[PDB]
C-alpha cells in the first residue's frame, strides 16, 4: 500500500479507566507498526496500539464498556469486534475512517477469555495483518479452583502469512505460528507474536506451583492443540466459563477464536515447553517456554 511505505507508528499505551461500579472506558488506536515476527523478518503489521496481538483488556463480569477507537492508519478504515460483548454488529462494530475516532458502548455480561479483532471487510485481511487480541472478563464468583492457583499468565496463539497477500491468506499454509504473552500484573512480560521471545526469555515459576494460563487461539485460520510438556491439565474451563469444567486433559482443542483457562502443576525444576501439538505449527514457531526454579 503506497500510503504505508516507510510508515512505522510508535506503540501507544492502552488507556483504560473505571468510571463507575459497572462501567469502564477503553481507548485504543489502529496503527501501522513494524514487528519482528521471526529473526530477521519484519512484518509491517496492522495493529491495535502498535502490538500484535493487541494489548490485553481485563474487565469484570457485568461491566459496560465505553470503547473508543482512534484510527491512525492514513488510508485504511478499521473497526473493533469484542467477542465478550452483546452488540449490534452493523451499528456498534462499524468502521472508523483514517484520522477519525469512533466511540461504541456495549455490555460484557459473560465471563471468559474472548478474542477481539478488527471487523472491517475483508475481515480475513484485517485479522491476518495483525488486528487481533484478547479480552478477559473475570467471573463474578471466580473459578472453583481459585484458592489453588499460585501464579498466572496469558498466552495467545496466532499465525503470520506472506505480507498482505490475500491469496496466501485464503489458500496457503502459515509461514509462522507463534505465541505471545500479555501482562496481567506489574512485572509480567508483554510481548508480540513472534517465533523466539518466549524461548529466549521464558515465563517463570517456582517448583511445586499451580499455574493458571488464560489462553486464546486467535487464528486467523488454524485450530490449536494446546499442550504443556511435562504436566497434565488439572482443570480446564472452556472459553473461560466456570461451568465448562473438564479435568485431567493432556491437550486442549481450541477452535479459531477459541479460549480456555487451564491449570497445571509443575513438580520439578526445569524448562517446560508449551506447544500447539500440531507439530507443523510448533516447528514454524509455536513453542514457548516456562522456566521452573527452586526460587
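Positions refer to the first chain, counted from 1.
What stretch has the higher average Cα B-factor here, 43-51 or 265-273? The entry gives the higher C-alpha B-factor average to 265-273.
According to the deposited model, is the average Cα temperature factor higher in 131-139 or in 203-211? Higher mean C-alpha B-factor: 203-211.
Please pick out which of 158, 181, 225, 90 has the largest Cα B-factor as recorded in the entry. Highest C-alpha B-factor among the listed options: 90.
Can you tell me which of 148, 168, 81, 194 has the maximum CA B-factor listed in the PDB entry? Spelled out: the listed residue with the top C-alpha B-factor is 148.
Could you place residue 220 in the lowest, middle or highest third of its chain by Cα temperature factor, using the values in the record? Ranked within chain, residue 220 CA B lands in the lowest tercile.
Report the third (lowest, middle or highest) to which the CA temperature factor of residue 33 belongs, ranking only the modelled residues of the same chain. Middle third - that is where residue 33 ends up once the chain's C-alpha B-factors are sorted.
CA B-factor ranking of residue 18, expressed as a third of its chain: Highest third, going by the recorded CA B-factors of the chain.
Comparing against every modelled residue in the chain, figure out the third that the C-alpha B-factor of residue 198 lands in (lowest, middle or highest). Middle third - that is where residue 198 ends up once the chain's C-alpha B-factors are sorted.
In terms of the chain's CA B-factor thirds, is residue 173 lowest, middle or highest? Lowest third.
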